[PDB]
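K.L.:
Residue numbers (the entry's author numbering), protein chains in the order written: chain D, 236 to 315; chain A, 513 to 613.
Input: one structure, supplied below.
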Amino acid sequence: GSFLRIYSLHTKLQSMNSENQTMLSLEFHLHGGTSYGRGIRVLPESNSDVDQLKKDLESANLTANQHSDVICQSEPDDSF
Amino acid sequence: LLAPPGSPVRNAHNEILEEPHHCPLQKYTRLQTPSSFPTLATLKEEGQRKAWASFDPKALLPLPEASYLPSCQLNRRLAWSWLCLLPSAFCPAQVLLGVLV
DNA sequence: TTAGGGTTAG
Numbered sequence: 236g237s238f239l240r241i242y243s244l245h246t247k248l249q250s251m252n253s254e255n256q257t258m259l260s261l262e263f264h265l266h267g268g269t270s271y272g273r274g275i276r277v278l279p280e281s282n283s284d285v286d287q288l289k290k291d292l293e294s295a296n297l298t299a300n301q302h303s304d305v306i307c308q309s310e311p312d313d314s315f
Numbered sequence: 513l514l515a516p517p518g519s520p521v522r523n524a525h526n527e528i529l530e531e532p533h534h535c536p537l538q539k540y541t542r543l544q545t546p547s548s549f550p551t552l553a554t555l556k557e558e559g560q561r562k563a564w565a566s567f568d569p570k571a572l573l574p575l576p577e578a579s580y581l582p583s584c585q586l587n588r589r590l591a592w593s594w595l596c597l598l599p600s601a602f603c604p605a606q607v608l609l610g611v612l613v
């Protein structure tokens, strides 16, 4: 539930599935040891970067332009 | 409005002594009910009655605009719908009175 | 005390 910054997160290309059919994909890793600065630090939810990330999601949901979800429209009942 | 001031006095001696009797009850005008009053919580249920009673799904989704939508779009097209009643049109023309707090 | 900045092979 908290916010993190993954310093020196590794990216790596993937191209296969478990049954070895082709599929292009992206991997992510963090190697042991702190050399070069590999690490994580919990971010406080008072940090302006977290405000920027919040700001971003404000568009990613209202102006999402994404297809339907919660087809079970009888589910919410708002403040039930 | 319906009976403005300035009328001739209702002289008693005339009203009685007349042979050609004319009086407040000699000839009269008929009247269909002007401006009745409601109790608020009956006005409210008059409204809330006519709403549900008139709500009509087809009549908000006319074809051929219909018959093309996805279900979700169709439902959200229909999930809100006002209505404006103007009581002063009813017969009788319901005046509205209360205290404001 | 340790560590005392610099790429894993996952």
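Each residue gets a CB set at the ideal place from its N, CA and C atoms; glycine is no exception.
Any contact of the segment 568-587 of chain A with the segment 298-311 of chain D, i.e. 3+ C-beta pairs under 8 Å?
P.N.:
Judged by Cβ distances under 8 Å, the segment 568-587 of chain A makes contact with the segment 298-311 of chain D, as three or more pairs qualify.
K.L.:
Any idea which residues DSSP pairs D/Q249 with across the strands?
P.N.:
In the first sequence, residue 249 of chain D corresponds to position 14, counting from 1. Paired residues: D/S260.
K.L.:
Quick one: list the residues of chain A neighbouring D/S303, beta-carbon separation under 9 Å, in chain order.
P.N.:
For the purposes of this step, residue 303 of chain D is taken as the residue at position 68 of the first sequence. Those within 9 Å of D/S303 in chain A are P582, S583, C584, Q585.
K.L.:
Relative to the C-alpha of A/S593, which residue among A/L572, A/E577, A/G610 is closest?
P.N.:
As a working note, residue 593 of chain A is residue 81 in the second sequence. Per the Cα distances, A/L572.
K.L.:
Hey, how far is the Cα of D/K289 from the Cα of D/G236?
P.N.:
Within the first sequence, the letter at position 54 stands for residue 289 of chain D. Within the first sequence, the letter at position 1 stands for residue 236 of chain D. D/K289 and D/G236: Cα-Cα distance of roughly 14 Å.
K.L.:
Specify whether the segment 249-263 of chain D and the segment 283-299 of chain D touch according to this definition: at least 3 beta carbon pairs, one from each stretch, less than 8 Å apart.
P.N.:
These segments do not touch.
K.L.:
Across which residues does DSSP place D/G274 in a beta bridge pair?
P.N.:
In the first sequence, the residue the question calls residue 274 of chain D occupies position 39. D/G274 pairs with D/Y242.
K.L.:
Quick check on A/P569: does DSSP put it in helix, strand or coil?
P.N.:
Start at 1 with the first residue of the second sequence, and residue 569 of chain A comes out as number 57. Here A/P569 sits in helix by DSSP.
K.L.:
Taking the continuous alpha helix (DSSP H) assigned at D/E293, which residues delimit it?
P.N.:
As a working mapping, residue 293 of chain D is identified with position 58 in the first sequence. Note, D/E293: alpha helix (DSSP H), 283-296.
K.L.:
Would a C-beta distance cut-off of 7 Å place A/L555 and A/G610 closer than the cut-off?
P.N.:
Walking along the second sequence from the start, residue 555 of chain A turns up at place 43. Walking along the second sequence from the start, residue 610 of chain A turns up at place 98. No, Cβ-Cβ distance for A/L555 and A/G610 is not below 7 Å.
K.L.:
For the alpha helix (DSSP H) containing A/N526, list its first residue and its last residue.
P.N.:
Position 14 of the second sequence holds residue 526 of chain A. Looking at the DSSP string, the run of the alpha helix (DSSP H) that includes A/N526 is 524-529.
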